[PDB]
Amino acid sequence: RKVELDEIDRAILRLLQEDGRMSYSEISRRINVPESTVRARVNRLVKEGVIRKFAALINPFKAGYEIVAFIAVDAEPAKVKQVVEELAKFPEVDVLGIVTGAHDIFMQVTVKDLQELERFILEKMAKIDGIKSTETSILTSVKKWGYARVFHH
């Protein structure tokens, strides 16, 4: 699973997290590596899946999403994988995985308001076979943002 990375790969990844739209000319000047080996190394990082893709990181509060929430899901053990497959199709779901501990499934969701949160949980998620329970924790403030998939509804 791990892809071999060297010092130059990590330097490129650091710059492309500073500014995802950085030119390979600018990376080249800053790490004293040829534009050409920069370009080739980025194409390999993408080809290998180290870079899934590039994105605009959106502030959902500024975009008019009032509700960013973490939902902990309890699911029938034999249905956990199928429940994750169904959850992944909703554009409200930003982050989704299977976890150790007291809950089986962990997700982050972004919705416009509390009535949209309740519709999402009770009219969409609750119809998935195998969901026994949900526990929603609503962010009241965010110090460090992750990734929000927004306006895909």
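All residue numbers are counted from 1 along the displayed sequence.
Higher average CA B factor: 35-43, of the stretches 35-43 and 61-69. Across the two stretches, 22-30 and 91-99, the PDB entry reports the greater mean Cα temperature factor for 22-30.
The PDB entry assigns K144 a C-alpha temperature factor belonging to the middle third of its chain's modelled residues. In the deposited entry, the Cα temperature factor of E86 places it in the lowest third of its chain's modelled residues. Ranked within its chain, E135 lands in the lowest third, by CA B factor from the PDB record. Compared with the other modelled residues of the chain, the Cα B-factor recorded for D113 ranks in the lowest third.
Among the modelled residues of its chain, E48 has a C-alpha B-factor that falls in the highest third, as given in the PDB entry.
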